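So the structure is just underneath, and the comments pick up after that.
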Amino acid sequence: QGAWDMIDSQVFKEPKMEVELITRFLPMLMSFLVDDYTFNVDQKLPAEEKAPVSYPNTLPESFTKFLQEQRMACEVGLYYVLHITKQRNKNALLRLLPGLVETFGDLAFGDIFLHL
Amino acid sequence: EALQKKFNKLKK
């Protein structure tokens with residue numbers, strides 16, 4: 001991802017990663033996914049009474065902070081959005097659709113993610 | 001920790 005940084009100035013050192021990507025962002029993706037499969041198993045389990053609880057559609061905003069402050073977290077979140085769109089789960093989709101509005105380097109608004 | 005409790009909640 002830092003390739004243009006290596007051509008702009010001759011940078012031959014490795015770019016560094018984020019810790020909260022490892023401990024907050026990607027575990028937040030995995031947070032949303034395992035709750036997703038939990039309400040799926042609950043739907044596939046009988047005996048749900050009137051007025052069931054929807055999937056939590058609240059958004060942890062440190063996730064969006066990493067989207068809008070880290071290009072790597074940005075683009076991997078974009079491809080996560082595309083993958084869940086291929087899975088087409090409306091609940092998580094509109095859960096994470098806020099916060100994608102403000103994202104790093106307009107990557108959510110770039111050619112790649114928009115085309116996909 | 002949240003993740004592991006959601007894991008164990010899905011097992012149930």
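Naming works like this for the structure tokens: A, B, ... for the chains as they're shown, residue 1 at the start of each chain, ligands 1 onward in shown order.
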Applying 9 Å and only C-alpha atoms, which residues near residue 102 in chain A remain after dropping the ones on its own chain fewer than 2 positions away? List them as a PDB file with C-alpha atoms, in the first residue's frame.
ATOM      1  CA  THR A  64     -15.081   3.772  11.918  1.00  0.00           C
ATOM      2  CA  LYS A  65     -12.182   5.712  13.452  1.00  0.00           C
ATOM      3  CA  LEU A  67     -11.616   3.102   8.778  1.00  0.00           C
ATOM      4  CA  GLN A  68     -11.070   6.880   8.525  1.00  0.00           C
ATOM      5  CA  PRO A  98     -22.960   4.786   8.637  1.00  0.00           C
ATOM      6  CA  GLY A  99     -19.298   5.577   9.208  1.00  0.00           C
ATOM      7  CA  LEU A 100     -18.333   4.469   5.706  1.00  0.00           C
ATOM      8  CA  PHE A 104      -9.552   7.347   4.764  1.00  0.00           C
ATOM      9  CA  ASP A 106     -11.820   8.725   0.055  1.00  0.00           C
ATOM     10  CA  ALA A 108     -14.772   4.239   0.108  1.00  0.00           C
TER      11      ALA A 108
END
For chain A, report every residue with an atom at most 10 Å from chain B (counting only C-alpha atoms), formatted as a PDB file with C-alpha atoms, in the first residue's frame.
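Result file is part14.pdb:
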ATOM      1  CA  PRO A  27     -12.066  -8.357  16.167  1.00  0.00           C
ATOM      2  CA  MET A  28     -14.934  -5.904  15.518  1.00  0.00           C
ATOM      3  CA  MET A  30     -15.485 -10.767  13.737  1.00  0.00           C
ATOM      4  CA  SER A  31     -17.771  -9.335  16.443  1.00  0.00           C
ATOM      5  CA  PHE A  32     -20.381  -8.469  13.831  1.00  0.00           C
ATOM      6  CA  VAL A  34     -20.373 -14.071  15.099  1.00  0.00           C
ATOM      7  CA  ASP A  35     -23.420 -12.112  16.330  1.00  0.00           C
ATOM      8  CA  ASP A  36     -24.710 -12.535  12.769  1.00  0.00           C
ATOM      9  CA  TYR A  37     -24.373 -16.290  12.882  1.00  0.00           C
ATOM     10  CA  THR A  38     -25.837 -16.285  16.415  1.00  0.00           C
ATOM     11  CA  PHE A  39     -29.106 -14.678  15.385  1.00  0.00           C
ATOM     12  CA  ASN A  40     -29.047 -17.008  12.355  1.00  0.00           C
ATOM     13  CA  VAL A  41     -28.862 -20.085  14.612  1.00  0.00           C
ATOM     14  CA  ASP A  42     -31.559 -18.546  16.817  1.00  0.00           C
TER      15      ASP A  42
END
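Each of A:26, A:84, A:19, A:92 was compared to residue 56 in chain A using only C-alpha atoms, and A:92 turns out to be the nearest.
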(request) Would you mind telling me which residue in A:24, A:71, A:16, A:44 lies nearest to residue 103 in chain A when using only C-alpha atoms? (result)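 Closest to residue 103 in chain A of all the choices is A:71.
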(message) For the alpha helix (DSSP H) assignment from backbone DSSP, which residues of chain B qualify? Please present them as a PyMOL selection string.
(response) chain B and resi 2-11
(request) Would you list the contacts of residue 96 in chain A as a ChimeraX atom specification, taking every protein, DNA or RNA residue within 9 Å and counting only C-alpha atoms, but skipping same-chain residues closer than 6 positions in sequence? (result) /A:57-59,64,81
Would you output that residue set with C-alpha atoms, as a PDB file, in the first residue's frame?
ATOM      1  CA  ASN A  57     -27.591  -2.417  14.417  1.00  0.00           C
ATOM      2  CA  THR A  58     -25.586  -0.030  16.602  1.00  0.00           C
ATOM      3  CA  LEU A  59     -22.071   0.717  15.327  1.00  0.00           C
ATOM      4  CA  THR A  64     -15.081   3.772  11.918  1.00  0.00           C
ATOM      5  CA  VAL A  81     -18.473  -4.503   2.923  1.00  0.00           C
TER       6      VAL A  81
END
(message) To one decimal place in Å, what is the distance between CA of residue 17 in chain A and CA of residue 3 in chain A?
(response)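 Pair CA of residue 17 in chain A / CA of residue 3 in chain A returns 15.0 Å.
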(request) Work out how far apart CA of residue 50 in chain A and CA of residue 87 in chain A are and give it in Å to one decimal. (result)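 Distance reported for this atom pair: 27.0 Å.
Taking CA of residue 61 in chain A as the reference point, CA of residue 29 in chain A is found at 12.4 Å.
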